[PDB]
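> Sending over work-v5.cif (mmCIF, C-alpha atoms and all ligand atoms).
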data_data
#
loop_
_atom_site.group_PDB
_atom_site.id
_atom_site.type_symbol
_atom_site.label_atom_id
_atom_site.label_comp_id
_atom_site.auth_asym_id
_atom_site.auth_seq_id
_atom_site.Cartn_x
_atom_site.Cartn_y
_atom_site.Cartn_z
ATOM 1 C CA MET A 628 -170.228 -126.411 36.826
ATOM 2 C CA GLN A 629 -170.524 -124.555 40.135
ATOM 3 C CA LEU A 630 -168.641 -121.268 40.531
ATOM 4 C CA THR A 631 -167.392 -121.615 44.110
ATOM 5 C CA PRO A 632 -165.474 -124.908 43.589
ATOM 6 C CA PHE A 633 -163.996 -123.558 40.400
ATOM 7 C CA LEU A 634 -162.730 -120.448 42.128
ATOM 8 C CA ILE A 635 -161.197 -122.302 45.039
ATOM 9 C CA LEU A 636 -159.410 -124.396 42.383
ATOM 10 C CA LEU A 637 -158.084 -121.252 40.694
ATOM 11 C CA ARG A 638 -156.967 -119.960 44.064
ATOM 12 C CA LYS A 639 -155.048 -123.173 44.679
ATOM 13 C CA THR A 640 -153.587 -123.222 41.200
ATOM 14 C CA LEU A 641 -152.505 -119.608 41.559
ATOM 15 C CA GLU A 642 -150.650 -120.327 44.830
ATOM 16 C CA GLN A 643 -149.031 -123.367 43.158
ATOM 17 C CA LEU A 644 -147.853 -121.136 40.315
ATOM 18 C CA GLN A 645 -146.630 -118.449 42.715
ATOM 19 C CA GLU A 646 -144.658 -121.141 44.525
ATOM 20 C CA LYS A 647 -142.647 -121.703 41.342
ATOM 21 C CA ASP A 648 -141.607 -118.041 41.461
ATOM 22 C CA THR A 649 -138.919 -118.655 44.057
ATOM 23 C CA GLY A 650 -137.226 -115.388 43.158
ATOM 24 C CA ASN A 651 -140.465 -113.457 43.693
ATOM 25 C CA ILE A 652 -140.056 -111.524 40.428
ATOM 26 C CA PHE A 653 -143.563 -112.238 39.135
ATOM 27 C CA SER A 654 -145.653 -111.908 42.263
ATOM 28 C CA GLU A 655 -146.039 -108.118 42.059
ATOM 29 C CA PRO A 656 -146.245 -105.626 39.177
ATOM 30 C CA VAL A 657 -142.875 -104.757 37.612
ATOM 31 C CA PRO A 658 -141.806 -101.582 39.483
ATOM 32 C CA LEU A 659 -141.938 -98.798 36.889
ATOM 33 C CA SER A 660 -139.500 -96.893 39.092
ATOM 34 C CA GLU A 661 -136.806 -99.526 38.532
ATOM 35 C CA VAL A 662 -137.901 -100.110 34.944
ATOM 36 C CA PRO A 663 -139.064 -96.715 33.596
ATOM 37 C CA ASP A 664 -139.189 -97.800 29.947
ATOM 38 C CA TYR A 665 -141.141 -100.992 30.685
ATOM 39 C CA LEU A 666 -144.567 -99.923 29.439
ATOM 40 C CA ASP A 667 -142.972 -98.701 26.218
ATOM 41 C CA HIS A 668 -142.546 -102.346 25.173
ATOM 42 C CA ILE A 669 -145.118 -104.161 27.290
ATOM 43 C CA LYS A 670 -148.708 -103.460 26.262
ATOM 44 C CA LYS A 671 -150.326 -105.361 29.135
ATOM 45 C CA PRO A 672 -148.312 -105.896 32.331
ATOM 46 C CA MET A 673 -149.344 -108.841 34.482
ATOM 47 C CA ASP A 674 -148.289 -110.449 37.760
ATOM 48 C CA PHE A 675 -149.587 -112.952 40.313
ATOM 49 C CA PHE A 676 -150.999 -110.327 42.689
ATOM 50 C CA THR A 677 -152.995 -108.707 39.893
ATOM 51 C CA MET A 678 -154.181 -112.188 38.936
ATOM 52 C CA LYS A 679 -155.369 -112.791 42.493
ATOM 53 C CA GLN A 680 -157.235 -109.504 42.367
ATOM 54 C CA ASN A 681 -158.747 -110.475 39.023
ATOM 55 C CA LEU A 682 -159.724 -113.887 40.395
ATOM 56 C CA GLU A 683 -161.600 -112.341 43.329
ATOM 57 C CA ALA A 684 -163.270 -109.831 41.009
ATOM 58 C CA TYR A 685 -164.664 -112.845 39.132
ATOM 59 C CA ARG A 686 -162.730 -111.970 35.988
ATOM 60 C CA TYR A 687 -161.691 -115.621 35.485
ATOM 61 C CA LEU A 688 -164.744 -117.748 34.731
ATOM 62 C CA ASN A 689 -162.904 -120.410 32.722
ATOM 63 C CA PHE A 690 -159.409 -121.839 32.707
ATOM 64 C CA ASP A 691 -158.536 -120.367 29.327
ATOM 65 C CA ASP A 692 -158.710 -116.810 30.599
ATOM 66 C CA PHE A 693 -156.830 -117.638 33.785
ATOM 67 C CA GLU A 694 -154.143 -119.303 31.701
ATOM 68 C CA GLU A 695 -154.169 -116.285 29.360
ATOM 69 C CA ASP A 696 -152.944 -113.942 32.118
ATOM 70 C CA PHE A 697 -150.382 -116.459 33.367
ATOM 71 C CA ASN A 698 -149.040 -116.649 29.814
ATOM 72 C CA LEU A 699 -148.737 -112.847 29.838
ATOM 73 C CA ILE A 700 -146.510 -112.999 32.920
ATOM 74 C CA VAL A 701 -144.261 -115.363 30.989
ATOM 75 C CA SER A 702 -144.335 -113.693 27.570
ATOM 76 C CA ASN A 703 -143.889 -110.163 28.944
ATOM 77 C CA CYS A 704 -140.725 -111.276 30.649
ATOM 78 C CA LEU A 705 -139.394 -113.124 27.591
ATOM 79 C CA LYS A 706 -140.161 -110.005 25.507
ATOM 80 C CA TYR A 707 -138.620 -107.355 27.728
ATOM 81 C CA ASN A 708 -135.445 -109.122 28.865
ATOM 82 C CA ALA A 709 -132.382 -110.254 26.934
ATOM 83 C CA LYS A 710 -131.980 -114.001 26.464
ATOM 84 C CA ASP A 711 -128.799 -114.057 28.526
ATOM 85 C CA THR A 712 -130.420 -112.649 31.687
ATOM 86 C CA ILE A 713 -131.584 -114.370 34.839
ATOM 87 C CA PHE A 714 -135.049 -112.878 34.194
ATOM 88 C CA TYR A 715 -135.385 -114.511 30.794
ATOM 89 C CA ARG A 716 -134.355 -117.948 32.097
ATOM 90 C CA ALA A 717 -136.752 -117.506 35.042
ATOM 91 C CA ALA A 718 -139.581 -117.018 32.596
ATOM 92 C CA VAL A 719 -138.578 -120.131 30.631
ATOM 93 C CA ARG A 720 -138.547 -122.140 33.873
ATOM 94 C CA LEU A 721 -141.879 -120.665 34.899
ATOM 95 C CA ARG A 722 -143.292 -121.574 31.495
ATOM 96 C CA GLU A 723 -142.136 -125.154 31.999
ATOM 97 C CA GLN A 724 -143.036 -125.640 35.635
ATOM 98 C CA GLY A 725 -146.204 -123.552 35.516
ATOM 99 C CA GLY A 726 -147.282 -125.407 32.396
ATOM 100 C CA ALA A 727 -147.277 -128.624 34.383
ATOM 101 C CA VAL A 728 -149.247 -127.025 37.226
ATOM 102 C CA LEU A 729 -151.800 -125.736 34.740
ATOM 103 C CA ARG A 730 -152.211 -129.028 32.894
ATOM 104 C CA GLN A 731 -153.051 -130.761 36.167
ATOM 105 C CA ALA A 732 -155.418 -128.088 37.390
ATOM 106 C CA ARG A 733 -157.179 -128.218 34.030
ATOM 107 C CA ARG A 734 -157.575 -131.968 34.477
ATOM 108 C CA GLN A 735 -159.222 -131.432 37.857
ATOM 109 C CA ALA A 736 -161.338 -128.793 36.098
ATOM 110 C CA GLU A 737 -162.443 -131.234 33.382
ATOM 111 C CA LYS A 738 -163.592 -133.554 36.171
ATOM 112 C CA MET A 739 -166.042 -130.846 37.255
HETATM 113 O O1 LIG B 1 -139.415 -108.517 33.565
HETATM 114 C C1 LIG B 1 -139.296 -108.275 34.764
HETATM 115 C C2 LIG B 1 -139.954 -109.063 35.714
HETATM 116 N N1 LIG B 1 -139.978 -108.469 37.075
HETATM 117 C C3 LIG B 1 -139.061 -107.484 37.453
HETATM 118 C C4 LIG B 1 -138.921 -107.131 38.788
HETATM 119 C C5 LIG B 1 -138.001 -106.154 39.132
HETATM 120 BR BR1 LIG B 1 -137.792 -105.657 40.935
HETATM 121 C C6 LIG B 1 -137.230 -105.538 38.152
HETATM 122 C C7 LIG B 1 -137.371 -105.893 36.820
HETATM 123 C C8 LIG B 1 -138.284 -106.874 36.477
HETATM 124 N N2 LIG B 1 -138.453 -107.236 35.139
#
Could I get this file's structure written as C-alpha cells?
Ligand SMILES: O=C1CNc2cc(Br)ccc2N1

Amino acid sequence: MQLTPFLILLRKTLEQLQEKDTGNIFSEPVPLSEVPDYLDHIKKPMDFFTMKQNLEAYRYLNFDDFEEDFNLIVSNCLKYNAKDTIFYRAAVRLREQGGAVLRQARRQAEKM
C-alpha cells in the first residue's frame, strides 16, 4: 500500500477517536502536577496528542501499532483509576466506542 493514503486514514481515525473523548480527559498527557504518583503505576503514558505527534513522525506504519497506543490510553486509565470513578467508566466507554471506530478504519485499511 501507499503511505500517504494510509496516514490520512490514521489522521481521520484519530480525530474520530478523539471525538469520543467528550470529556477531553485523553486528548493530552495526564498532568503529573495533578497526579504526582501517576508514573509510579503507569509504565507508558499515552494520549491522543502524543499519538498525533507519533503519527506525523511516521511511528505508525500499520494499524496494529496505531491500535496499540490507543489501547494504552484505555488500559492506563482502567489501571490507575478505581472502578467506581468517572474516569474508569470513561475508559470503558472509550474502549467500546473507539473499538467500533477502529474496526471500521481497519476495514477501509484492508481495502487498500
Ligand atoms: O487517568 C487519567 C486520565 N486523564 C486525567 C486527566 C486529569 Br486533568 C486528571 C487525571 C487524569 N487521570
> Neighbours of ligand LIG 1 (chain B) within 8 Å, counting only C-alpha atoms and all ligand atoms, as a list in words?
residues 652, 653, 655, 656, 657, 658, 661, 662, 703, 704, 705, 707, 708, 714 and 715 of chain A
> Identify, on the basis of all atoms listed in the file, every residue whose closest approach to residue 706 in chain A does not exceed 12 Å; exclude the query and any residue fewer than 6 positions from it along the same chain; express the result as JSON, numbers by chain.
{"A": [665, 666, 667, 668, 669, 670, 671, 672, 698, 699, 700, 712, 714, 715, 716, 718, 719]}
> What is the distance, in Å and to one decimal place, between CA of residue 689 in chain A and CA of residue 701 in chain A?
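Atom-to-atom, CA of residue 689 in chain A and CA of residue 701 in chain A are spaced 19.4 Å apart.
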> Quick check, in Å to one decimal: how far apart do CA of residue 702 in chain A and CA of residue 725 in chain A lie?
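Straight-line distance from CA of residue 702 in chain A to CA of residue 725 in chain A works out to 12.8 Å.
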> Go ahead and compute the interatomic distance for CA of residue 635 in chain A and CA of residue 673 in chain A, in Å to one decimal.
20.8 Å
> Using only C-alpha atoms for the distances, tell me which of A:642, A:723, A:664, A:683 is nearest to residue 630 in chain A.
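Distance minimum relative to residue 630 in chain A lands on A:683.
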> Rank nothing, just name the residue among A:637, A:675, A:629, A:682 nearest to residue 733 in chain A, using all atoms listed in the file.
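With all atoms listed in the file as the atom set, the closest residue is A:637.
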> Could you tell me which residues the PyMOL selection byres (((chain A and resi 687) around 12) and not hetatm) returns for this structure, as a PyMOL selection string?
chain A and resi 630-631+633-638+641+677-686+688-697
> Counting all atoms listed in the file, figure out which residue out of A:709, A:628, A:659, A:729 gets nearest to residue 645 in chain A.
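So, comparing all the options, the nearest one is A:729.
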> Draw an axis-aligned box tight on the listed atoms of range 667-678 of chain A, then pad every side by 4 Å and write out centre and edge lengths in Å to one decimal as lines of an AutoDock Vina configuration file.

center_x = -148.4
center_y = -105.8
center_z = 33.9
size_x = 19.6
size_y = 22.3
size_z = 25.5
> Range 685-735 of chain A from the block above, N, CA and C atoms, as a tab-separated table (two decimals), in the first residue's frame, please?

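File produced: selection_10.tsv:
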chain	number	residue	atom	x	y	z
A	685	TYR	N	5.87	9.45	11.63
A	685	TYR	CA	5.83	8.16	10.94
A	685	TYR	C	6.11	6.98	11.86
A	686	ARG	N	5.62	7.03	13.09
A	686	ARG	CA	5.84	5.92	14.01
A	686	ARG	C	4.77	4.85	13.85
A	687	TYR	N	3.67	5.18	13.17
A	687	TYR	CA	2.60	4.22	12.91
A	687	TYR	C	2.60	3.85	11.44
A	688	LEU	N	3.16	2.69	11.10
A	688	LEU	CA	3.18	2.25	9.71
A	688	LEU	C	2.22	1.09	9.45
A	689	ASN	N	1.50	0.66	10.49
A	689	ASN	CA	0.44	-0.32	10.30
A	689	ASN	C	-0.64	-0.08	11.34
A	690	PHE	N	-1.81	-0.69	11.16
A	690	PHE	CA	-2.88	-0.36	12.10
A	690	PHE	C	-2.62	-0.96	13.47
A	691	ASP	N	-1.98	-2.13	13.52
A	691	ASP	CA	-1.69	-2.74	14.80
A	691	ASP	C	-0.99	-1.79	15.76
A	692	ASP	N	0.04	-1.09	15.28
A	692	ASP	CA	0.77	-0.24	16.22
A	692	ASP	C	0.02	1.01	16.62
A	693	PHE	N	-0.77	1.54	15.69
A	693	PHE	CA	-1.70	2.62	16.00
A	693	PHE	C	-2.64	2.19	17.11
A	694	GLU	N	-3.27	1.05	16.89
A	694	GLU	CA	-4.25	0.49	17.81
A	694	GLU	C	-3.60	0.16	19.15
A	695	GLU	N	-2.32	-0.20	19.12
A	695	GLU	CA	-1.56	-0.48	20.33
A	695	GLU	C	-1.56	0.71	21.29
A	696	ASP	N	-1.25	1.89	20.77
A	696	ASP	CA	-1.20	3.12	21.57
A	696	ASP	C	-2.58	3.59	22.02
A	697	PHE	N	-3.59	3.38	21.18
A	697	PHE	CA	-4.96	3.67	21.61
A	697	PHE	C	-5.31	2.79	22.80
A	698	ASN	N	-4.96	1.51	22.70
A	698	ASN	CA	-5.26	0.56	23.78
A	698	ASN	C	-4.58	0.97	25.08
A	699	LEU	N	-3.40	1.56	24.97
A	699	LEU	CA	-2.68	2.09	26.14
A	699	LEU	C	-3.48	3.19	26.83
A	700	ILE	N	-4.02	4.11	26.04
A	700	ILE	CA	-4.86	5.18	26.59
A	700	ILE	C	-5.95	4.54	27.46
A	701	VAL	N	-6.59	3.52	26.92
A	701	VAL	CA	-7.67	2.85	27.63
A	701	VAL	C	-7.15	2.08	28.84
A	702	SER	N	-6.16	1.22	28.65
A	702	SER	CA	-5.71	0.37	29.75
A	702	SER	C	-5.03	1.15	30.87
A	703	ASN	N	-4.31	2.22	30.53
A	703	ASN	CA	-3.70	3.04	31.57
A	703	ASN	C	-4.75	3.58	32.51
A	704	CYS	N	-5.85	4.02	31.92
A	704	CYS	CA	-6.92	4.65	32.68
A	704	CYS	C	-7.66	3.61	33.54
A	705	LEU	N	-7.91	2.43	32.97
A	705	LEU	CA	-8.52	1.35	33.74
A	705	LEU	C	-7.60	0.95	34.89
A	706	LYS	N	-6.29	0.92	34.64
A	706	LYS	CA	-5.32	0.54	35.67
A	706	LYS	C	-5.25	1.54	36.82
A	707	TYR	N	-5.09	2.81	36.48
A	707	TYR	CA	-4.83	3.81	37.51
A	707	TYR	C	-6.05	4.10	38.39
A	708	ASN	N	-7.23	4.14	37.79
A	708	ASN	CA	-8.42	4.65	38.47
A	708	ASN	C	-9.33	3.56	39.03
A	709	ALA	N	-9.93	3.85	40.19
A	709	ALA	CA	-10.86	2.91	40.80
A	709	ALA	C	-12.05	2.66	39.90
A	710	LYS	N	-12.67	1.49	40.04
A	710	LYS	CA	-13.77	1.10	39.16
A	710	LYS	C	-14.95	2.03	39.31
A	711	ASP	N	-15.10	2.65	40.48
A	711	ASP	CA	-16.30	3.44	40.75
A	711	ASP	C	-16.17	4.91	40.34
A	712	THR	N	-15.12	5.24	39.60
A	712	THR	CA	-14.85	6.62	39.20
A	712	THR	C	-15.38	6.93	37.81
A	713	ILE	N	-15.64	8.20	37.56
A	713	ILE	CA	-15.98	8.65	36.22
A	713	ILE	C	-14.90	8.24	35.22
A	714	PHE	N	-13.63	8.43	35.59
A	714	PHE	CA	-12.50	8.11	34.72
A	714	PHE	C	-12.54	6.68	34.24
A	715	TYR	N	-12.78	5.74	35.15
A	715	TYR	CA	-12.79	4.34	34.78
A	715	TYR	C	-13.92	4.06	33.77
A	716	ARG	N	-15.11	4.57	34.04
A	716	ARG	CA	-16.24	4.36	33.14
A	716	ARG	C	-16.01	5.02	31.79
A	717	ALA	N	-15.33	6.16	31.80
A	717	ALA	CA	-14.95	6.85	30.54
A	717	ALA	C	-14.07	5.95	29.68
A	718	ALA	N	-13.14	5.27	30.33
A	718	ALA	CA	-12.25	4.38	29.60
A	718	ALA	C	-13.01	3.18	29.03
A	719	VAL	N	-13.95	2.64	29.80
A	719	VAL	CA	-14.79	1.55	29.30
A	719	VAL	C	-15.58	2.00	28.07
A	720	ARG	N	-16.17	3.19	28.14
A	720	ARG	CA	-16.93	3.73	27.02
A	720	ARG	C	-16.02	3.95	25.84
A	721	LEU	N	-14.82	4.47	26.10
A	721	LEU	CA	-13.89	4.73	25.00
A	721	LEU	C	-13.47	3.41	24.36
A	722	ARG	N	-13.28	2.39	25.18
A	722	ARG	CA	-12.95	1.07	24.67
A	722	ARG	C	-14.02	0.57	23.70
A	723	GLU	N	-15.27	0.75	24.12
A	723	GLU	CA	-16.42	0.32	23.33
A	723	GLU	C	-16.54	1.15	22.07
A	724	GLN	N	-16.67	2.46	22.23
A	724	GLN	CA	-16.92	3.31	21.08
A	724	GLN	C	-15.70	3.40	20.16
A	725	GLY	N	-14.52	3.50	20.74
A	725	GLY	CA	-13.30	3.53	19.94
A	725	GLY	C	-13.07	2.23	19.20
A	726	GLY	N	-13.46	1.12	19.82
A	726	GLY	CA	-13.33	-0.19	19.22
A	726	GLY	C	-14.09	-0.26	17.92
A	727	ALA	N	-15.27	0.36	17.90
A	727	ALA	CA	-16.08	0.38	16.70
A	727	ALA	C	-15.47	1.27	15.62
A	728	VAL	N	-14.90	2.40	16.02
A	728	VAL	CA	-14.20	3.29	15.11
A	728	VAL	C	-13.03	2.56	14.46
A	729	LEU	N	-12.28	1.84	15.30
A	729	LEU	CA	-11.10	1.14	14.83
A	729	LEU	C	-11.42	-0.01	13.89
A	730	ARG	N	-12.46	-0.77	14.20
A	730	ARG	CA	-12.87	-1.87	13.34
A	730	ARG	C	-13.20	-1.38	11.93
A	731	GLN	N	-13.87	-0.24	11.84
A	731	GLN	CA	-14.24	0.32	10.56
A	731	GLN	C	-13.04	0.85	9.80
A	732	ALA	N	-12.15	1.52	10.52
A	732	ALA	CA	-10.99	2.10	9.86
A	732	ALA	C	-10.10	0.99	9.35
A	733	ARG	N	-10.06	-0.11	10.09
A	733	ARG	CA	-9.26	-1.27	9.69
A	733	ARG	C	-9.84	-1.87	8.42
A	734	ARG	N	-11.16	-1.86	8.32
A	734	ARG	CA	-11.84	-2.37	7.12
A	734	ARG	C	-11.44	-1.55	5.91
A	735	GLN	N	-11.49	-0.22	6.05
A	735	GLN	CA	-11.05	0.67	4.98
A	735	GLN	C	-9.58	0.40	4.67
